[PDB]
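Report on the following structure.
Every read-out reported here was derived from the displayed coordinates using simple, explicitly stated rules and does not represent laboratory data. Cβ sites come from the backbone with ideal geometry, for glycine too, and all protein chains shown count toward neighbours.
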Amino acid sequence: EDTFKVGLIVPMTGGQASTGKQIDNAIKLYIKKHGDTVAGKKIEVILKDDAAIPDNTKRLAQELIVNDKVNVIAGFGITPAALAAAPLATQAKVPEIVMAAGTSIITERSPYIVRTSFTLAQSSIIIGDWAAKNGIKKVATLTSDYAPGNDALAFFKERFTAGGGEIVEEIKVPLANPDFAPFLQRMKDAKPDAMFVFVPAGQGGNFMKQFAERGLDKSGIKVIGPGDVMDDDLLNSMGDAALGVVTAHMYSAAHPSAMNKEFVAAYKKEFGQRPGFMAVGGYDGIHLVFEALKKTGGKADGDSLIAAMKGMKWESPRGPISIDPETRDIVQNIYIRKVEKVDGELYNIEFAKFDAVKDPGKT
Ligand SMILES: COc1cc(C(=O)[O-])ccc1O
């Protein structure tokens, strides 16, 4: 009738609290900048904290759909959370907007899922190609022991070995409270040319702290990976050991576009911190909802919304992006960046751009 509800399910507490914080903030910023009304509907955002626990995600999604009667569910800080909600999204015909989780297969788990974040494969193929072409011969991998870490590993390995690289060791660490010290100790003794590192948003600072504590910034071992470890939400808290880390990713707070300059300044002014790649996922996720509603002339049923979302394209602070009409997954530039100091702060400075990269996990 007059209102349209978005059930926002994100980790506000626990290990992935920094992801939920950014997504909640970015959506608040979006509404502050665009208003809360579209095609005669007042948008209400209902926040629920699942603490990145899939059992909570499922119960909260049921409550939002059945009790609160939401038109869309959104967020999903980790892959298991997105997967937990998928059956309910399908049964209730409610779009599920994935603003964080990055495992390739997620969009295949419900015809109502649409993603505005990334897949690990998008970034992992690019850094794999780059490492091989740049004389890196022997690499040890460290990856979070769950779905997106496995994607990161597989796609990096594929491209890096195809280019003549060799993986010397593969090490996996738990999602919950990882201890990086053992892998890092191994590195100090084994001295590969580089370490490829995937850890989720929120953990890169801890990784870099143990890296610097074990003295590895003086070892000549390069750090490479997808951009998650060099999370812009965390870059400000890191020391000089992070200088020179090379990552591929879809977003940098240093992206030089007019829209990004405006977004970063607005976010900093409102929240007092730099947005990271999770904030952008949220910003674009809510934009997608607004634009869909506009396109349907305010029709709020799931089928109408999904139909409008497919093939949608717009400029994001990260660059031009679109929803693939075939897969419902995000198509976006992937940049390669080097951590450099500008005006006293560390930034992921983009030096390479690959245009409109479709998820390699579905191509
Ligand atoms: C919370 O941070 C992340 C989560 C995931 C996921 O679970 O699919 C992938 C990449 C990330 O940076």
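At-a-glance table
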| read-out | value |
| --- | --- |
| Euclidean distance of C-alpha centroids, the stretch 310-343 and the stretch 222-252, integer Å | 18 Å |
| Cα-centred dipole magnitude for the chain, charges only on beta-carbon of K, R (+1) and D, E (-1), debye, nearest 20 | 360 debye |
| For the stretch 215-363, with +1 on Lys and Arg beta carbons and -1 on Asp and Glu, the positive-most of 263, 333, 253 along the dipole | 333 |
| Crossing angle, helix 258-271 versus the chain [Cα axis fit, 0-90 degrees, rounded to tens] | 80 degrees |
| Cα long-axis angle, helix 204-213 against the chain (0 to 90 degrees, to the nearest 10) | 20 degrees |
| Within a Gaussian network of the chain (alpha carbon springs, distance under 10 Å), most fluctuating of 165, 244, 344 | 344 |
| Per residue, the convex hull volume that the Cα atoms of the chain enclose (Å³) | 114 Å³ |
| Ellipticity estimate at 222 nm from DSSP helix runs (n ≥ 4, -39,500 (n - 2.57)) divided over the chain, nearest 500 | -12000 deg cm²/dmol |
| Protection proxy ranking of 177-187, 230-240 - average other beta-carbon atoms within 10 Å, highest first | 230-240, 177-187 |
| Amide H contacts of residue 276 (H built 1.01 Å from N, under 5 Å, at least 5 apart or other chain) | 233 |
| Segment residue 352-residue 166, length gained on full extension (0.36 nm per residue, minus Cα span) | 64.6 nm |
| Amide H contacts of residue 357 (H built 1.01 Å from N, under 5 Å, at least 5 apart or other chain) | 332, 333, 334 |
| Environment charge of residue 143, counting only residues whose C-beta is closer than 13 Å and scoring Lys/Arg +1, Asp/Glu -1 | -3 |
| Point-to-point label distance, residue 137-residue 340, nm (Cα→Cβ direction, 7 Å offset) | 2.9 nm |
